[PDB]
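Proteins come first, then strands; the chains are lettered A, B, ... in the order of their sequence lines, and each starts at number 1.
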There are 2 protein chains.
Amino acid sequence: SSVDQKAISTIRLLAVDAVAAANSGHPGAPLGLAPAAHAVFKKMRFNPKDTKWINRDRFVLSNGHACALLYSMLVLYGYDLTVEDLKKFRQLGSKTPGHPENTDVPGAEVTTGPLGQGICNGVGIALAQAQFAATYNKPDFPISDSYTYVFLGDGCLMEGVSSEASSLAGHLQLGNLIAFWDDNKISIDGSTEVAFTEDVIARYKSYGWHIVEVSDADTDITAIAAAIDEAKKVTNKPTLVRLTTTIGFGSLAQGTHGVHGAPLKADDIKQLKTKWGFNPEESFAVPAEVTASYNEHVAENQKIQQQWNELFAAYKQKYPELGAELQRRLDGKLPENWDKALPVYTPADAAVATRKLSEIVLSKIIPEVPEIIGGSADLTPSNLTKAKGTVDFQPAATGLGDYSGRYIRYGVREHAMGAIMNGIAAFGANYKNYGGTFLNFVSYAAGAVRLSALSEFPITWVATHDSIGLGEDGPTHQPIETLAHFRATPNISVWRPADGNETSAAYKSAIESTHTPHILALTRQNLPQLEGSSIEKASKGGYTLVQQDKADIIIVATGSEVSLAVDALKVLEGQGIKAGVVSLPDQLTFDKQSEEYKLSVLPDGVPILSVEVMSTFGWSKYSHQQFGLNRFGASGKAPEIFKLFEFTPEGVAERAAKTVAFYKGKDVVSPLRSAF
Amino acid sequence: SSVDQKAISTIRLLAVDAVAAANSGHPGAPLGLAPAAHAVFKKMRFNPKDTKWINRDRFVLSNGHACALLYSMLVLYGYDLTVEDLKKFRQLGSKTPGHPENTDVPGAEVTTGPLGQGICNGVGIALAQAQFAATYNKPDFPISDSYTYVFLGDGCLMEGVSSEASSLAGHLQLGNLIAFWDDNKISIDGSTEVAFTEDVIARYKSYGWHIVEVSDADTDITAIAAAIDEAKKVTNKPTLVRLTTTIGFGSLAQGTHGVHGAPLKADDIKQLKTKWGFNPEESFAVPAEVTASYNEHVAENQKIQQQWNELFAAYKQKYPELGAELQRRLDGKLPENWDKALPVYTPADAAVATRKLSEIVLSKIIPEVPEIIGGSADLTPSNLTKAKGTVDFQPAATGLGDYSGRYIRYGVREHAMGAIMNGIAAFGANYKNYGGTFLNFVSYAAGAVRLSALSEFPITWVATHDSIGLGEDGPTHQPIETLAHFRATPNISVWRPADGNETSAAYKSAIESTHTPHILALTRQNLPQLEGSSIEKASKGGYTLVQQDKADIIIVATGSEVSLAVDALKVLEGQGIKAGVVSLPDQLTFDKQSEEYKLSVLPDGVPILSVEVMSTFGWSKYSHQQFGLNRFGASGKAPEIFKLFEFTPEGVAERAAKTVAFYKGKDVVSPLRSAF
Ligand SMILES: CC1=C(CCOP(=O)(O)OP(=O)(O)O)S[C@@H](O)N1Cc1cnc(C)nc1N
Ligand SMILES: CC1=C(CCOP(=O)(O)OP(=O)(O)O)S[C@@H](O)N1Cc1cnc(C)nc1N
Ligand SMILES: [Ca+2]
Ligand SMILES: [Ca+2]
């Protein structure tokens, strides 16, 4: 249609004008993908006035540098984003940052820009939708039937994380996922011939995806719409639509790397405008006939949501218990008193590894909290992440599970697991999802973990085998730097529970979270139940385990080293030194407590020694002296490794005594004090 | 042959017995892969008495958990590893750690165990061999003609890093790479049907690999040998050999996940021995006829190396300059006085971004040091990593470069780039290789970076756009935690040079390195040349830039914040406060200096404030108070972001004045002091 052509030109020119105003950003992919964006958004069901409608189709821009395109679509459709915001693209404090951020941009489902992430997030949105539909849909009640549309480029296809997620999505037969490859044969280094000559289509067929090819995606919106219709008929395979485009279509510099990532020249923008019937003297034009056309689609979508709300009301009458559960989840509330299922321990109970305590927690809470789902990256019998009696999330056609299942076999795919977890969280409906691996291999997923923090998603890593305590697998498996890395990242709760009560507190935090990802660092080896622990105290992140009013020293420790500190206190008593013990299961939670609470744990006037069998980085926030492990580990039986490195009651006591001596005659204030 | 069958049984039983003695480790893949290991090592050229022969074939065990297999081969072939070492498998301090470590195990080319790494390392060994051969071979002088053999399993094939490297290896037409997939249909979570149902062979064809399938790799060594011969005929494609095996072949528990990763039962070991003609009462048997057979292959290989040494002598006569260059490289020596090519600056010179200073360094040193090669992960015009006038490393058949080229187009593949760099270093011949990306995306490669440190490889990351100084791309691109992460990892030199002289010092360190990987954190934005910098002083890692004998405070800073500190010193002077400035371009190098040198930089008796626009973790090693950035960044013009966060001369001065006030009346000792 004439109006469709005008809409595509409007999108292209809004994106170009936004880049021009900022004198920064990426015009090439927006120019190339405007036809496809127009066609996809016309097929999508969404409400710009209710961005959280649970049955909306989701869109993800994995090639996030192309965000001037996304912002233009959101503005044209009347989301809470305006032309005035587009004029502030890439400007400090604006609603139009240089890559899309879900916390800041209405209609941005996830935070993209780091390549490869968005397609994996789309896999997770689609996984969640399938699980959600299997859980709630009934005959005559299609509560959930939405699609997940993803745009990606060559860069996303080169990043290994996307291969992981695409292999898994094909295995999982995720037929409501429809991805679109911007096949423009250009990246920053020039032609894809220099580095990216694989047969992408053949690779996607090998994963079990359906393929549709659109040879002229610069103009053929009829074929793009038809490709979507075709994809919707293939209910047991995710679909990749090859969009053969010209990067920067219409620019004098189209088809070149120079159009990827810098503003166009002013004369180039003028010729674009006149070629397309726009005024070359005008910027940020929005023809009223485009607004009218887009408004008609919004109004239709709002009537669809209106009818869905009536369907949901009827569902609550026909299926009273499921309807109440669904309502509670859409309200963002956990079941009343769910935390009464958390296991509680006493000091008379047996020693247990915190990985096994975690298994026990999951066993108790999964039956009580339906919005918990999770999995492991091929470490299920090691991480202990599956509750007995649950069914795996698999397509029923495989015989290996069902979409109503609760447990995901991620395979050896940590990075994609992390990004898929972000997508499950992004779906909404109160999903509280988790992923297991060895702590040292959470590092394989750092790209996604950082985005969990920036995106404010309440995902959880069940990160077992946390230290040299794992023993014989040796230094390639033993974390040193890992907790420092994640603790140094803003907005990550890094729990390292010492015992049963602390493990329950860690899960209480992880499941109640709405804005903060969690990493639970858990042991291979057994640890005793501590005298003085409780869920109540551990929920403060740091607490006084052993109070000593006339302390010569306080030992602050985490995880497996708390019991070590308690044993060292006894050695010290025989040397005439009185120690207190602080357990610090989560530094972030502790930091968020009141100043007075924190000072009650780490007071002035007493030296404080930290003990944790990994990097000492960060620990000066809480201690004057630090006993840690700042070298790689060793392959041997774990107790022998602890002895080698002097992580023994006597080794801790020796360092505590040296700390007391070092501060003799000195005035000591809390590590919590600072000059500014 | 009868002896070949006996050798295969010997290998299997040595591996099983090693696992049994440790009561730890992985018997399954060794049992399944013994026939293939026997066949491959019989085809390989190697000298157990000269592990560094530059024309040896290389073997890499990417499925490193299977290392009892590797250790058995090395023992049988008379490497510096014995049956007594096998009896100490997985025991503290042994030469047979639970995953292979190149620093500890003769004949282990790389450190494997973290899945996916070894195949990528093999790509790098093969890349280096092709570059090396193109550089040195002449008519009648095949100085380098060796192959790279890699074993991998399902786990390596699931990890995205291997997809990245396999796509690139296919593009690069690396015909001397021969990989073998242990197609046993089992991983830790059980059948591969639960998570890994892709058509692997079709995927590898899509990358441009050649395929050979061996349907009965439990017995058919004739077919495995024939597959190697076939692979050698295909000179323009890497080859994947599908070895269809039974995990744990021969065990009562063969073909099950239980055989993957735990010792066999004692009765199972007895029946293995009698089925294969061994004494069930005996462990660690080495039949003398197996030793004889293997010794004959060693003796033949040693005669091949003897002839290669004569070829090399003749090459030095026929090609005097190339021969001397090759000899120098094989001696591990850089060119005499190579560092005279490093650029030197004065304070009268213009401000320059450290990414551009890096380009200039590379431009000067690449022509002087032939063993430097490197590339970028699709960021060549941003990282500024290519010297003008050099040719890319590409197969000549593409027309895009040649194997004699110096510059690698890695594509958007940071993790594989990191692991490929490790393989290039592992090849030897003094290669000093580098890889560019944005600092924030070095994190995508953490799995490989950690292994650079553990493996002691002198690789270099050219990690540009280091901070909020990059501006508009925003918080998804702006490092916060990244330097803390890598500084907390043992054995990583993390240079953050402030100016031209410091950038030259950083490269001097990176290129001279033999055992320590480097990360060079470089700016987008221009920085002034500093009064007081030099290569000499910056080579100490930390140095006094501005000495103030009556200092009220010392400001320690890195990178872009050194100039900020110098400007703050001027503000402070107007407030009656005298400051000194320390520049700390590499914390690891500084830490390695003498205690007296370090105390001359960070003396007792004066408060010290650190300034660096990223995490404060680690900084308490060097300072009493820390001014850093412990939250995510922002999308805007960089100077506006610095102002927002008060990284301005006045903001630094305010915090310095507060630091002076906080220590009034207190006794202050160097942050370098400690109790133990
Ligand atoms: C290489 C790179 C880009 C080119 C994309 O090439 P692609 O074909 O995807 O984009 P097109 O040129 O528009 O067609 S964008 C810039 O982000 N980036 C840096 C970049 C690198 N690594 C990661 C993980 N995320 C990034 N963001
Ligand atoms: C999952 C896993 C393994 C199964 C391999 O399954 P694969 O098919 O490769 O082995 P096979 O069972 O012998 O046939 S090993 C153990 O390392 N590991 C943990 C592991 C996880 N992630 C990373 C990066 N490295 C690892 N090392
Ligand atoms: Ca592209
Ligand atoms: Ca396997």
Report task. Start with the C-alpha gap between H171(B) and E198(A), add the side-chain angles, then the distance that decides, and say whether side chain to side chain contact (heavy atoms under 4.5 Å, CB included) holds. Result -> CA-CA 7 Å; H171(B) 169 70; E198(A) 61 172 63; over 6 Å; no
Query - Side chain, backbone, both or neither of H415(B) within contact of chain A (heavy atoms, under 4.5 Å) - result: side chain
Report task. Tell me, out of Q117(A), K205(A), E164(A), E472(A), who's got the most heavy-atom pairs with chain B below 4.5 Å. Result -> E472(A)
Query raised in the report: Which bit of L609(A) comes within less than 4.5 Å of chain B, counting heavy atoms only: side chain, backbone, both or neither?
Result: side chain
Requested in this report: Identify which part of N440(A) has an atom lying under 4.5 Å from any heavy atom of chain B, answering side chain, backbone, both or neither.
Outcome: side chain
Query raised in the report: Using non-hydrogen atoms only, which part of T398(B) is less than 4.5 Å away from chain A: side chain, backbone, both, or neither?
Result: neither
Query raised in the report: With a 4.5 angstrom heavy-atom cut-off, which part of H26(B) approaches chain A: side chain, backbone, both or neither?
Result: side chain
Query raised in the report: Pick from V194(A), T112(A), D199(A): which one has the most heavy-atom pairs with chain B under 4.5 Å?
Result: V194(A)
Report task. Can you tell which part of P671(B) gets under 4.5 Å to a heavy atom of chain A, answering side chain, backbone, both or neither? Result -> neither
Report summary line: Per-residue tally against chain B (heavy atom, under 4.5 Å) across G160(A), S206(A), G636(A) peaks at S206(A)
Query - Contact check, side chains of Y207(A) and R203(B), non-hydrogen atoms, under 4.5 Å - result: yes
Report task. Answer with side chain, backbone, both or neither: which region of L400(B) has an atom nearer than 4.5 Å to a non-hydrogen atom of chain A? Result -> side chain
Requested in this report: Could you tell me which non-hydrogen atom of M614(A) sits nearest to which non-hydrogen atom of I480(A), and how far apart they are?
Outcome: CB-O, 3.3 Å
Query raised in the report: For chain B, which of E640(A), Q91(A), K666(A), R655(A) has the most heavy-atom pairs under 4.5 Å?
Result: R655(A)
**Report entry** Check: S615(B) and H485(B) side chains under 4.5 Å, non-hydrogen atoms
**Finding:** no
**Report entry** Listed partners of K658(B) passing salt bridge (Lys or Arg N to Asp or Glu O under 4.0 Å), at least two apart
**Finding:** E654(B)
Query raised in the report: chain B heavy atoms under 4.5 Å from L644(A): which part of the residue, side chain, backbone, both or neither?
Result: side chain
**Report entry** Best-contacting candidate, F662(A), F676(A), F89(A), against chain B by heavy atom pairs under 4.5 angstrom
**Finding:** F676(A)
**Report entry** Top contributor to chain B interface from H257(A), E414(A), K621(A) [non-hydrogen pairs under 4.5 Å]
**Finding:** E414(A)
Query raised in the report: What part of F627(B) lies closer than 4.5 angstrom to a heavy atom of chain A: side chain, backbone, both or neither?
Result: both
**Report entry** Part of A453(B) within contact of chain A (heavy atom distance under 4.5 Å)
**Finding:** both
Query raised in the report: How would you list, by chain and number, every residue that makes a side chain to side chain donor-acceptor pair (under 3.5 Å) with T482(B), sequence neighbours excluded?
Result: none
Query raised in the report: Is any side-chain heavy atom of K386(A) closer than 4.5 Å to a side-chain heavy atom of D392(A)?
Result: yes
Query raised in the report: Can you list the steps and then say if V449(A) with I492(A) is a side chain to side chain contact (heavy atoms under 4.5 Å, CB included)?
Result: CA-CA 9 Å; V449(A) 174; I492(A) 307 184; 3.8 Å; yes
Requested in this report: Could you look at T489(B) and say if it's the side chain, the backbone, both or neither that has a heavy atom under 4.5 Å from chain A?
Outcome: both
Report task. Please state whether the side chain, the backbone, both or neither of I201(B) comes within less than 4.5 Å of a heavy atom of chain A. Result -> neither
Query - Region of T659(A) that comes under 4.5 Å of a non-hydrogen atom in chain B - result: both
**Report entry** Residue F441(A) versus chain B: region with a heavy atom under 4.5 Å
**Finding:** side chain
Query raised in the report: Measuring heavy-atom distances to chain A, does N630(B) have an atom under 4.5 Å in its side chain, in its backbone, in both, or in neither?
Result: backbone
Report task. Let me know if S24(A) has heavy atoms under 4.5 Å from chain B in its side chain, its backbone, both or neither. Result -> side chain
